[PDB]
């Protein structure tokens, strides 16, 4: 499998993770409504998504795992557990069903560990035992039960205390008409046997489980038979229980069942149930290959490891068999006289092949020059690798590259070759993880905004940009400092800040008939001293009378009221606030403007002050400037003092 | 056939598909009225279009198929089915007829599969059996019947349960006068026999069908005879049924009927009926070439395969005979002592010739360097191919090319060579599918806007443009980022975003005798300022006063009122809205015009403002301009400011 494919996988993973995180959040909004149909629909969407994820060509396992992690990280998993185990869920069993199905999809090793750490284990087990009303409930029950049985020996042994084995027996005995029940039963038995001590195995066997595994291995369903063969061969792998399985006759079915199948053919049937098979479950199956075990057990183990090798080739994770050392046991079995086992082991070793030179870390800033060399080589620029080495290019340096650097320091002459190269580098830039350095999850943010914007991450990050600062950038800063020359991309992120939401110094109020002199004079005089001073002289707009007359007051810090003879007279009995000086002054009072009356020399307050409306009457008590034409400069200085405080 | 022709075909296909999709939509808008003449006319147009499509020089089959797909995709096909089978259609059987004729054109393999998937099959069958009232009904009936008989064995067998065979017999027996009836009968018999199991074949034969096929093969019509010869030779190809045909002279007619024709002459005759001939129908005919079958059956099969080879040469799909392996059976027959069959088989093999090196995928971004090399070669740039290879050019890179890249990295020195090359590349760009990457069918949108604009698709798509954003682009973004340097093309898409929304600009209201000279001057001054400004004097014609006065206001955005010594006067107590200035101003308010009073130099509002009707009273509290004759230019500047903000 190529480095182009390593990149494509990483890229796809990051991309679809970002996408499915968002879609999962939407589905979790329907869950978080806490309404039956919405929880059902949300869980249905999550279920569909998780299955589609598992059906994704090769990143399926990683993408499933990452979403299982995200479910824990978001507490979505915790919420599902609570909204499954809660007795209130009896209001609609279909809510419990959909929650349970999702939990089934999400029962990763780390999710089961979470369940154990939070001690939900027995609650979930009992609630699975309560899921019994229909074959669907029974299948889901046996599934969740069997999934709990993928945790360590102590947990399985603790769960034996529930006597769920008898519940399992009764479940398949009730509804053998469903092959999927027989599958989930045989699965549960395989899992518990694989994940239990000698004592617990003995307790399981006492429930006539070898004879029930004979029953299961006698069914028409190859997946049930596969699990039944694994389960009995797990028992057979223990010396003292071989006679009990011999008495069950199941070993006599085992090898013929394997003989009439091929692991890779069975893989295509088994895929739906192969999804979620894991390293520690392989580590526990590995002992069944050993020459100490029965030919039957060795044959099952060999067939199984070939099947897994097939799947792990597709996943590009054949390394697991080297990590657990299974390759040695396969060689032993391939050399053994157990022809069936030896064939399957030889076939498994045929699938094993050879290692990758490097698995590249998605944290590409951490790349050594050796990594860059390998990448460059594999993307088909071999003749330049020596020059990259000579230039001592590293992960960080790659991310900074421009065509000039190629043109000059790499000496890479073809513009076309540069285009080609840069396309790969852009792909890589998008694909790369930055969480190594991105404290702010700016990468995640950009991906969410649009995936390609990932390309800019490292530049802006290294310029010291972070997720909080994005609000504050000009198109210039973006374009130049962050190098986002594409205006389309700039527009996209601009839309984020367009959607992230949701001055006058002095207003002059005056009498239009008489304050006209003093007010505009004040306007002009204040325009000397650098104040923005505004007044309804020469300015009105937008048709129906301009509400600017109050908006301009709201924007103003200071409110000057010109008081000329009889200026206040029309405010008398203006209780309906019809007078515009009233509207202006009321607005000033409501918005706590720094209000200054300026008294013309001839001004006098109205005799009937009590007739001034209550909301504005306070103006008769206010702090103001008696305007004296003789002392205009001093009067204006006083006005400025009231403005400056 | 050249790659230039592959491109021309692909181009034409994409082009005419876009066109005929739009035309089909128009016809479907007539159908969607659910009114007899509109359904009839729409279906008539679709029928004409489908026949014209079938008459299209090369791409006929693909274009027909793509439109059959589009019909399903648009649910147009579903609508036709419903509007055919519905009992309400008995209101006008001509509706059912036109729907049925269109369905006949549109009964591709996938369309028949749709019918089967939706279980409409028996409903359509029975309704076809009800189409019996005229020779036209009978022909269409036998057609739809025969078309249903081109689905797989189980469907044909299920339709035998209707005893439609007796209906078929009675139909042609009723109307022997019509060659087209005899054709659709012989077709239905050929199809059902070709698409049925042994048991169903036996049931068909029991309806005296060999003797009816004698009758049909005895008729003067060569197309009826062809189908009759195929039908009997289908029966003759089955061991137990040779005597059931041999009871009749039909095999004795068969070879002489072939002998007096040439497959290519018959192709030109049969064309009308040669349309729609599937691979699957060929796959079922292939066994009739085998040396196990009669000389008659081998002769029919050989003649037929020559005829089909003739048509598939024209359609550029000779590959079918390699895919189904018919070439081997033709070689066997060509080697056989069946001289007539051997001649036709030799002629068929003469037509077969040799394969194309590549059939290019219209998804040209997916092209390998090998594909580009092949393209470059075939467009007549062979001497550069090695340089393209050396430059490692791919599908994506081709789409990015500029003359600079040719000039430098290809070292294509002739500007003329570049022009020539770019012309082909533009053609290819237009022709190419992008749906591989275009989530939004922006390609389709651009094509619909104008086909050549396809040229820009890949650039803007790779810049991250999508169908939603197009509204929002500046001429700069278009020109520069999207590279649409042709302003004409920019204008075209500008028209699209103009018409993504949705003349007198300013109306002048006045009291006639006092707005007068000023009102007129306002028109003149605003016309000097470029506004199309009109007045009460101008816009009264050939009818009632209101009915010409007011319409100007709705089309205007801006509404000036000249306020004057009798402006508002006649509005007082005008509760019945009798005053024309009232009607004008009310209309302005109702349609939210940005209304601006212009106060004459000696203007006063009515002090008895409370007598102004409530719907227009707001005008006394409006943003206006005091006209002062001495400052006419400043006043008009102010008017412009109120208009523009």
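Each residue's number is its place along the chain shown, starting with 1.
The way this entry was determined, per its header, is electron microscopy, 3.8 Å.
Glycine too: its Cβ is placed from the backbone N, Cα and C atoms.
Feature annotations, courtesy of Swiss-Prot:
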- A:367-431: domain 'SAM 1' (DOMAIN)
- A:511, A:512: NAD(+) binding site (BINDING)
- A:584: active site (ACT_SITE)
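Counting Cβ atoms from all protein chains shown, residue A:512 (NAD(+) binding site) has 12 others lying within 10 Å of its own Cβ. The residue listed as 'active site' and residue A:512 (NAD(+) binding site) are 13 Å apart (CA-CA, integer value). The number of other Cβ atoms within 10 Å of the Cβ belonging to residue A:584 (active site), over all protein chains shown, comes to 23. Taking all protein chains in view, 22 other C-beta atoms sit within 10 angstroms of the C-beta of residue A:511 (NAD(+) binding site). In this structure the C-alpha atoms belonging to residue A:511 (NAD(+) binding site) and residue A:584 (active site) are separated by 11 Å.
In terms of DSSP secondary structure, the domain 'SAM 1' (A:367-431) contains 48 helix, 0 strand, 17 coil.
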